[PDB]
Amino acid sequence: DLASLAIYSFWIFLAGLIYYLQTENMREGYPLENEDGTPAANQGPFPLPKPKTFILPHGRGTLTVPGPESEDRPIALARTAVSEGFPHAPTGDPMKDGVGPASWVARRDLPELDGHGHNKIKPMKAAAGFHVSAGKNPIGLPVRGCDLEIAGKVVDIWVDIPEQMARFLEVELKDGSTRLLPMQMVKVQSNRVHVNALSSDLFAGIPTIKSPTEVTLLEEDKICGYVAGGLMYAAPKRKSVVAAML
């Protein structure tokens, strides 16, 4: 029967596909390791796929995967139990050491370029022709933290030029310096910009950028990781909704 031969061949095919797909999704993070960094005994039933190489544009080299794990910086965490499977608590300050929900990866310390080789992101004041076209303009507004105190004021908006979107809000602190705050982590209101993930006293600690006109992938990760970290690590300072409702 043709129909029977077909359905029979299909399952053979599907299994081959899932096998292919799965190994293909092992281009990163494998081989697995024990909680101490050494090679784990069990690597699973799927073998590592053969290497592939990406040719990166704008003279930025190439990327070959699978390959040796890129992360090598120190991780400020210590084992909690003798057996595998338990948490590893922070040995110092997780927000500063970059661990837990405040982790960051050592991405290339250069900015992301667009199709032409221009910096993808840029402060609006330096982005020819860009302006706020809809919604409340946040520039000039005071920025409030989860402790319900003012942490600064918005002095600019950093825009993604190829995609024409707001990505960061440049906030000026009391000391006259500034930090970048992720757009998807702020709430623009009519009379202020609220940042739930951070208490006023934590703004100063936000990682900074080398140049005032650009931001690197490395800096973005440090900035974003640190801000997200405040959801867990700043909880003690985060006031209730009823307090905020006042």
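Note that the rigid core is defined as the largest set of C-alphas that superpose within 1.5 Å between two forms. The first residue of the sequence shown is number 1, and the count goes up from there.
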property: Which of 44 to 52 and 28 to 36 lies farther from this form in 9 other deposited structures of this protein, as RMS of C-alpha positions after a rigid core fit; result: 28 to 36
property: In 9 other deposited structures of this protein, rigid core aligned: more displaced of 67 to 75 and 83 to 91 by C-alpha RMS; result: 67 to 75
property: Mean C-alpha temperature factor, higher of 81 to 89 and 106 to 114; result: 81 to 89
property: Mean temperature factor over C-alpha atoms, higher-scoring stretch between 69 to 77 and 116 to 124; result: 69 to 77
property: Residue with maximal Cα B-factor (values as given in the PDB entry) among 196, 184, 38, 208; result: 38
property: Where the record places residue 64 (Cα B-factor, split into thirds across the chain); result: highest
property: CA B-factor placement of residue 48, once the chain's modelled residues are sorted into thirds; result: highest
property: Third of the chain, ranked by Cα B-factor, where residue 32 sits; result: highest
property: Within-chain third of residue 42 by Cα B-factor, per the entry; result: highest
property: Residue 192 CA temperature factor, ranked by third within the chain; result: middle
